[PDB]
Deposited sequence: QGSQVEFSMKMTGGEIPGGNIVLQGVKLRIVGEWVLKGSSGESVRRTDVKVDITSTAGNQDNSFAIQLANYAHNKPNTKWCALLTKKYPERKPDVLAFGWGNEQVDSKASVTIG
């Protein structure tokens, strides 16, 4: 079976403005994912970069992952409607979710 050593550093913080009770966030993960065999003499090192945004109340969402030994990247986005004071009542914006996913190899 395979063994794993994943070092990572997460930086980021809250975004200003809007509902600070559900304050928006941005995050950057950098690290190195190493798989080893049973001997540990076959070794696979992958550089990992992850960028996350989620705005206040998770309205606007972005997840970007870049993997390198060659190369593999993904951008995922999810956009909800702008809120109103009453969560129980229908009619927040256009009541629609917009999502996009892009994957590029090489």
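Deposited-sequence ranges lacking C-alpha coordinates, in sequence order
Missing CA coords at 1, 71 to 77.
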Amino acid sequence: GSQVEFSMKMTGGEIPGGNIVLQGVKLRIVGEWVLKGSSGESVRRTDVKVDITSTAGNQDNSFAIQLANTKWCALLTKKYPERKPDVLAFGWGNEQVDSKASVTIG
From here on, numbers count along this sequence of modelled residues.
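Which of 51 to 59 and 32 to 40 has higher mean CA B factor, as the PDB entry lists it:
That would be 32 to 40.
Name the higher of the two by mean Cα B-factor in the PDB entry, 22 to 30 versus 71 to 79.
If you average the C-alpha B-factors of 22 to 30 and of 71 to 79, the larger mean comes out for 71 to 79.
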